[PDB]
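Examining the three-dimensional arrangement
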Amino acid sequence: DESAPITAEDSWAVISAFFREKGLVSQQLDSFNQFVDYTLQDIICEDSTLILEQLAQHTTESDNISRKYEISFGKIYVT
Amino acid sequence: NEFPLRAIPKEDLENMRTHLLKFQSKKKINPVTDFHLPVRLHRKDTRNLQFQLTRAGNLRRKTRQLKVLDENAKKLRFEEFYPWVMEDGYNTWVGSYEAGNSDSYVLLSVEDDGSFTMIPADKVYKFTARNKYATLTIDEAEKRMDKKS
Amino acid sequence: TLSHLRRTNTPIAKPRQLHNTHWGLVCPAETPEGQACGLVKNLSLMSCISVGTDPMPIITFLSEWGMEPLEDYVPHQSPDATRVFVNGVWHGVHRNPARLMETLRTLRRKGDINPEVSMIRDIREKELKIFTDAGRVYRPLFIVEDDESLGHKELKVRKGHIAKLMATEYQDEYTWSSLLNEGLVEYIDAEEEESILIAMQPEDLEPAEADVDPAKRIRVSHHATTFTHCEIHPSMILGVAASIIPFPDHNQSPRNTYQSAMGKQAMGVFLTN
Amino acid sequence: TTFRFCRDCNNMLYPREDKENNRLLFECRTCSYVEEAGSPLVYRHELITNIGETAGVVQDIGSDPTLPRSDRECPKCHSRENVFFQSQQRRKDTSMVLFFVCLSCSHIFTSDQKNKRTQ
Amino acid sequence: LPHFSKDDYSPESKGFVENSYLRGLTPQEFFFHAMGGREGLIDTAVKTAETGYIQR
Amino acid sequence: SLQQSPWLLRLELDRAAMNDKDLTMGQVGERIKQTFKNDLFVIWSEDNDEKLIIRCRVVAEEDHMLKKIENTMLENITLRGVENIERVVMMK
Amino acid sequence: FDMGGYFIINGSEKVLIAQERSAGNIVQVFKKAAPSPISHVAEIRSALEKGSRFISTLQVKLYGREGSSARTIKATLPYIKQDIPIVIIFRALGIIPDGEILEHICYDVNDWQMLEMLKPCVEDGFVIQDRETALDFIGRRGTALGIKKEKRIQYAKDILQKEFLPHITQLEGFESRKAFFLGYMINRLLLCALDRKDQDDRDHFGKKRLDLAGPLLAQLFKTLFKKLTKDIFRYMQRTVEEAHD
Amino acid sequence: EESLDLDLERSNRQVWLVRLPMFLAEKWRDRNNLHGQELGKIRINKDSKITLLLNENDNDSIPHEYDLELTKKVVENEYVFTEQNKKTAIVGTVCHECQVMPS
Ligand SMILES: [Zn+2]
Ligand SMILES: [Zn+2]
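Some details on the overall build of chain H
- Scanning chain H from N- to C-terminus turns up 3 helices and 6 strands.
- Reading the helices (α) and strands (β) of chain H from amino to carboxyl end gives α-β-α-β-β-α-β-β-β.
- Dimensions of chain H, computed from C-alpha atoms along their principal axes, come out at roughly 50 × 35 × 20 Å.
- Each of the 103 residues in chain H was classed as buried or not, and the buried ones make up 44%.
- Carbon and sulfur atoms form 49% of the exposed surface of chain H, whose accessible area is close to 6200 Å².
- Of the side chains in chain H, 14 bear a positive and 19 a negative charge, and the two mean positions are spaced by 3 Å.

Quick look at the overall build of chain C
- For chain C, the helix and strand inventory stands at 6 helices and 13 strands.
- For chain C, with 273 residues in total, the buried portion stands at 57%.
- Accessible area for chain C stands at about 12500 Å²; split by element, carbon and sulfur atoms hold 54% of it.
- Here chain C holds 28 positive side-chain charges and 38 negative ones, and the gap between their average locations is 4 Å.

Some thoughts on unusual backbone geometry
- Residues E61 of chain A and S62 of chain A are joined by a peptide bond in cis, for which omega reads 15 degrees.
- By the secondary structure assignment, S62 of chain A is in the loop between β1 (50–54) and β2 (67–71).
- The step from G142 of chain G to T143 of chain G runs through a cis peptide bond, and the omega angle for that step is 0 degrees.
- Mapped onto the fold, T143 of chain G is located in the loop between α5 (131–140) and α6 (149–163).

Considering the coordination of the zinc ion (ligand 2)
Residues and elements named next belong to chain D.
- Note on the zinc ion (ligand 2): its protein donors are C74 (SG), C77 (SG), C102 (SG) and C105 (SG). The metal-donor distances range over 2.3 to 2.4 Å.
- Its 4 donor atoms give the zinc ion (ligand 2) angles of 94 to 123 degrees at the centre, a pattern that matches the tetrahedral case.
- Residue class for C77 comes out partly exposed when judged on its relative accessible area of 38%.

Quick word on the coordination of the zinc ion (ligand 1)
Residues and elements named next belong to chain D.
- The coordination sphere of the zinc ion (ligand 1), as far as protein atoms go, consists of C6 (SG), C9 (SG), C28 (SG) and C31 (SG), spread over 2.2 to 2.3 Å.
- Around the zinc ion (ligand 1) sit 4 donor atoms, and with donor-metal-donor angles ranging over 100 to 131 degrees the site reads as tetrahedral.
- Spacing between the donor residues of the zinc ion (ligand 1) along their common chain follows C-x2-C-x18-C-x2-C. Here the residue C9 occupies a position in the segment before β1 (13–18), and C31 occupies one in the loop between β2 (23–28) and β3 (34–36), the gap between them amounting to 22 residues.

Structural notes on the pairing of strand β5 (residues 38–45) of chain G
Residue and element names in this part refer to chain G.
- Among the 8 residues of β5, 6 are classified as buried, and the element is accordingly described as predominantly covered.
- Here strand β4 (residues 27–31) pairs with β5 via 5 bridges, running antiparallel. Bridging across to β5, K31 finds its partner in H40.
- Hairpin connection between β4 and β5: a loop of 6 residues separates the two successive antiparallel strands.

A word on the interface of chain B and chain H
- Each partner contributes to the interface: chain B provides 45 residues, whereas chain H provides 43 residues.
- Considering only the side of chain B, the residues that lose the most area to chain H are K10, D12 and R40 of chain B, jointly responsible for 14% of the buried surface there.
- Scanning the region where chain B abuts chain H turns up 1 salt bridge.
- Residue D103 of chain B is joined to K27 of chain H by a salt bridge in which the shortest nitrogen-to-oxygen separation is 3.1 Å.
- One can count 20 residue pairs in polar contact joining chain B with chain H.
- Taken together, the elements giving at least two residues each to the side of chain B that touches chain H come down to β1 (5–11), β2 (18–26), β3 (39–41), β8 (106–110) and β9 (116–129) of chain B.
- Considering every element that reaches the side of chain B that touches chain H, the biggest residue donor is β2 of chain B, with 9 residues.

A word on helix α6 (residues 253–262) of chain C
- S253, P254, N256, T257 and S260 of chain C are the residues of α6 of chain C that are buried. Seen along its axis, α6 of chain C keeps its buried residues to an arc of 150 degrees; they face one direction.
- Looking at the buried positions of α6 of chain C, the neighbouring elements they touch are α1 (27–55) of chain E.

Some words on the interface of chain G and chain C
- The interface is formed by 40 residues belonging to chain G together with 49 residues belonging to chain C.
- Across the interface of chain G and chain C, roughly 3900 Å² is buried in total on both sides, 58% from carbon and sulfur atoms.
- Our count for the contact surface shared by chain G and chain C stands at 4 salt bridges.
- Taking the shortest distance from any N to any O, the salt bridge between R209 of chain G and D133 of chain C comes out at 2.4 Å.
- Across the contact surface, chain G and chain C share 15 residue pairs in polar contact.
- Among the secondary structure elements, those contributing two or more residues to the side of chain G that touches chain C are β3 (18–22), α7 (175–193) and β9 (208–211) of chain G.
- The greatest single-element share of the side of chain G that touches chain C, amounting to 7 residues, is contributed by α7 of chain G.
- When the residues that make up the side of chain G that touches chain C are grouped by side-chain class, the tally is 18 nonpolar, 9 polar and 13 charged.

A look at helix α3 (residues 159–170) of chain C
- Here α3 of chain C is 12 residues long and its end C-alpha atoms lie 16 Å apart, about the 16 Å a rise of 1.5 Å per residue gives.
- If you follow the buried residues of α3 of chain C, they end up packed against α1 (11–22) of chain A together with α4 (176–181) of chain C.

Some thoughts on the domain arrangement of chain C
Residue and element names in this part refer to chain C.
- Domain boundaries assigned for chain C yield domain 1 (52–133) and domain 2 (134–239).
- Domain 1 and domain 2 are separated by 26 Å when their C-alpha centres are compared.
- Between domain 1 and domain 2, the residue contacts involve 16 residues of the former and 17 residues of the latter.
- For the pair domain 1 and domain 2, the summed buried area comes to about 1300 Å², and 43% of that belongs to carbon and sulfur atoms.
- One can count 4 salt bridges joining domain 1 with domain 2.
- In this structure, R109 engages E186 in a salt bridge whose closest nitrogen and oxygen atoms are separated by 3.2 Å.
- Residue assignment for the side of domain 1 that touches domain 2 shows that the elements contributing at least two residues are α2 (97–110) and β7 (118–122).
- Here the residues of the side of domain 1 that touches domain 2 sort into 5 nonpolar, 4 polar and 7 charged.

Section: the nonpolar core
- Residues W90 of chain C together with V60, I73, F181 and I186 of chain G are the most contacted members of the largest nonpolar core, which totals 63 residues.
- A per-element tally of this core places α7 of chain G first, with 12 residues.
- Not counting chain neighbours up to four residues away, the residues in contact with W90 of chain C comprise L70, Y73, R83, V84 and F85 of chain C together with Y107, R177, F180, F181 and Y184 of chain G.
- With 48 residues, the next largest nonpolar core counts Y138, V144, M200 and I232 of chain C among its residues.

Examining the environment of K132 of chain B
- Relative to the assigned elements, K132 of chain B resides in the loop between β9 and α1 (138–148).
- Residues in contact with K132 of chain B, not counting those within four places in the same chain, are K26 and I29 of chain B.

A word on a nonpolar patch on the surface
- Together, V32, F35 and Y90 of chain B make up a nonpolar patch on the protein surface, roughly 290 Å² of accessible area in all.
- When you line up the elements, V32 of chain B lands in the loop between β2 and β3.

What about the side chain of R209 of chain G?
- Take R209 of chain G: it is sitting in strand β9.
- A distance of 2.9 Å separates a polar atom in the side chain of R209 of chain G from the backbone oxygen of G206 of chain G.
- Filtering out sequence-adjacent residues up to four positions away, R209 of chain G remains in contact with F131, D133, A134, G135 and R136 of chain C together with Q19, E20, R21, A23 and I26 of chain G.

Thoughts on the arrangement of the chains
- With 13 pairs of chains in contact overall, the greatest share of contacts is found between chains B and H.
- The two units chain A and chain E never meet; even their closest C-alpha atoms stay 15 Å apart.
- Spatially, chain E and chain H are disjoint, and the shortest separation between their C-alpha atoms is 38 Å.

What to know about the pattern of salt bridges
- In total, this model carries 65 salt bridges over all chains according to the counting rule given.
- With a closest N to O distance of 1.0 Å, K147 of chain B and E172 of chain G form a salt bridge. You can see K147 of chain B sitting in helix α1 and its partner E172 of chain G sitting in the loop between α6 and α7, one on each of two chains.
- Between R91 of chain G and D98 of chain G there is a salt bridge; the shortest N-O distance is 2.7 Å. Of the two residues, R91 of chain G and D98 of chain G, both sit in the buried class.
- One salt-bridge network, held together by shared partners, links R108, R109, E145, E186 and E192 of chain C.

A closer look at the packing of aromatic side chains
- All told, the structure shown has 34 aromatic pairs over all chains when counted by the stated rule.
- For the ring pair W23 of chain C and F31 of chain E, a centre distance of 5.3 Å and an interplane angle of 70 degrees mean the geometry is edge-to-face. Remark: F31 of chain E occurs in helix α1 and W23 of chain C occurs in the loop between β1 (7–9) and β2 (40–42); the pair is interchain, linking two chains.
- Its relative accessible area of 0% is what places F31 of chain E among the buried residues.

How each quantity is defined
Residues numbered from 1 in each chain as written, not as in the entry; some residues may be left out. Chains lettered and ligands numbered in written order. Part of a larger assembly, values for the part shown. Heavy atoms only, no water. Residues with missing side-chain atoms left out of burial classes, pairs and counts. Helix = DSSP H or I, 4+ residues; strand = E, 2+ residues; numbered from the N terminus. Buried < 20%, exposed > 50% of the residue type's maximum accessible area, 1.4 Å probe, protein only. Areas by Shrake-Rupley, 256 points an atom, 1.4 Å probe, with all protein chains shown as cover. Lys, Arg positive; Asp, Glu negative; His and termini not counted. Charge placed at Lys NZ, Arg CZ, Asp CG, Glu CD. Donors = N, O, S within 2.8 Å, 3.2 Å for Na, K, Ca; no water. Tetrahedral: all angles 85-135°; square planar, octahedral: opposite > 155°, others 65-115°. Pairing = 2+ DSSP bridges. Contact = heavy atoms within 4.5 Å. Buried area = accessible area lost by both parts, 1.4 Å probe. Salt bridge = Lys/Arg side-chain N within 4 Å of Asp/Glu carboxyl O. Polar contact = N/O pair within 3.5 Å; in protein donor to acceptor, adjacent residues only side chain to side chain. Arc of directions from axis to C-beta. Nonpolar A, V, L, I, M, F, W, Y, C, P; charged D, E, K, R; others polar. Expected span 1.5 Å × (residues − 1). Domains from an automatic or database assignment. Core = buried A, V, L, I, M, F, W, Y, C linked by side-chain atoms within 4.5 Å. Patch = residues over 30% accessible without salt bridge, like charges linked within 9 Å, V, L, I, M, F, W, Y side chains within 5 Å. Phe/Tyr/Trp six-rings, centres within 6.5 Å; stacked < 30°, edge-to-face > 60°.

Laid out in structure tokens, this is it:
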């Protein structure tokens, strides 16, 4: 009879399990965790890399030298 | 409870001296090859070169006084539009490459021996009447070079 | 402390009123008196808020399951086409939504599609909107299926699962997640709530009629044969503060609203440390 | 009403009177296209509308659990299985007349005991 | 509420609390009484400052 | 029995509505006739006749002209009553 | 018994309060009150899930009131002073002939009622006949104006790509997608004006979002990281000038 | 012969081809083909059901049948043109479009 319909008192056994797992502030914690594990990385990667280019006067040495420097942001760590 | 079945062997040749591409026409332009007799398909190099302005102690300049130079941008030969001229007086179409992820529809072709051979679609081009197209302005040309690369 | 970690602020049509859509998501009694009245919402016990998932596994799934892309739509050719949206982005159309909707629902109830993802099918409007979106308030409900060899439409959860849980209750292997992946229970946000039909009590609102106590309150019926879901427990519509009110069903509406404000100022042991 | 477009342009058609043969035409204001009119009716206003009442009646109408059922015998197949709703024309005035959709023949019958319909 | 069928103009659907306080309210009765109850708290709250300024 | 535009403005009136706000086809028609004077030719179906109709014609380019005439007709033509005075209830 | 969910800043416990906002990327139709030229508006608060977050709200306005002649449909585009008649927008998008435009708005060829309601718009956009002339008309109406023919047509391109319907895509070749959407919006605008649908409930909880501790920190960290990013750049200039390592 | 001329032979003898969307995982297995380059069988069963099944050697795996979802190529006209290692030619007109569904 393990496939018998559930009574009204049985709904509490489910509610017990909901709280055993989630607790009373699952919203507060689940939000923060999502931000630390994922959101944080994506914020570091949207604009991320920034470049500065130094293009010369093309007169003669020491001119005629065009350069571009990069600065990149990879994985994010959190102690 | 009865089915008629036809089964065909499929080969995917690593050997191949050809690249298979798609030539697509819009239903509104009503293209009918029957009227075709001779056709010329050639690349469009009108926009071979393109010069784009590029930004070049003292304090950094305000935006209104930033200094610039120029850079020559080379269009990938494979990133040039196709130009289709049908029947000498007649129809003319411009084919623009479809922008897409690195995935490609396979073309299944029947061989004389009866089996199918499948090949990856190299490029997909949308062709439309040249009258819908206008001489590319510097702005559009620059915008195009970027899309492609 | 508890009720402070479930508090909601609304800055700046008729916001202060208790909306029907607030059912099971926000406490009908726990709100301040004066200036902030009805602009400071308090979450019901079983309410959770969508963390925000990725839309691509669903967009990739859709196209593969009969979804014609908008880029190739021809309105008069397929004129009855159900328009499909994923986060207010119209992705294309589908010819047999009936079967697609069932596939997507089975995908969620299995776990393949995340349970916090909201998917609604407005038949009359010919629309299927999907939300992977962050910030949506949801509540868990029991699933009811016409699906029962023996008889009528019956709640998936059976007395066997109940003992299977109380076995784990005595251990302190069958969690809440276990009910969720076994597709016995589901998460329903307010937009999705629009398309469902809920029973309050399971047992009292399931088998039809084939003396009566006068002291008990006057109750309605299980006339519906359409029931898609059942209420875990109606008392769960209440927030932390209102949940200490004894017999709140026997008090005048605001007297309850008052207690869920005073108990916050009642002395006692706040923490053992 | 139900209006046409220009074949060639696909652009809409504007009515022109052929003063000589006293007849109505439809001209294209983008090309030189002209076609004679199908009906003499060019414009219909319609203030007291009835179009909206039985909207969104997809054959899947039965799959909405939110819809209520009744044991009313169908005028066609005589089936006591049907879903019902009120005039979907979201106006203030609107009567509380009910539209029943058969869970077999799909025929739309009403509860209107003042008037007789076909929609 | 989602516990009702569409186009339900019945007393039970549109907020008629059939029961006494002594008997107790059904969840539906409870929530509707709560909506109606909230309305009064809103005017009590607002009226308070509107009424004050009129006096001034 | 007991010159004009080939374009016709035909409007159907509601018998039920024509009664609650007591009105005759004659009196309705008279207002239109007296509004547009001798620059609009009006005819009307009798109060007895099944459908309630008013046929109107003017006295190159006429399509837009009539669409203005129908707007004037619906929005500006006052049949009975005083302006600003709507919903009048009788009370004992 | 302590349940967590707070921070510890300088020794006092702090709780982020969930903030309630209206969900974005959502089509909503509202009747604009008795004294107004515009009778109904279709609004979409378009914003990105992440990345800059362009809070550009597109309004699709039904000019003229219930009983006014020439009821036109114009739409206020981000960075454009005037409201452009829907038709010109579709033309600037690439959907050039009427009826091809109408197909994107009205989905039933039978529905004469909605279609008659589109005739004024077609008349309004009759002046502009190709994609180019449509972009110029959009480009003319600034901005500021930004005088020069090549400049204004090049500017219209950018607005439609970057500021018009930024969800969906901000990419290039997606005119088809943004056209069908605009058409879905006009469909909803007219559906409400034809009294077939109800005005959107601004108070439906399903249309509201709650910004919790996660997104709140994300909002702050964005503006705080772009604050750091552009302070490093200010340094890379200072240190490339004097080669100061 | 004359450069620029699109050899319209393929379209003149009206050769038809199929355009099929293939899951990336399946085309990756095809890549491991050897011998004569065979990868499997295309089956068309009528009473119409079209499907593709990998052969025993290529799959190295339990047998599966990839169903095809037939689609219309109506809204437009598609043709195939090839460019050899330099001649251009319209080898065929897409007579059928289909999607090979993962399975
Ligand atoms: Zn024309
Ligand atoms: Zn029937």
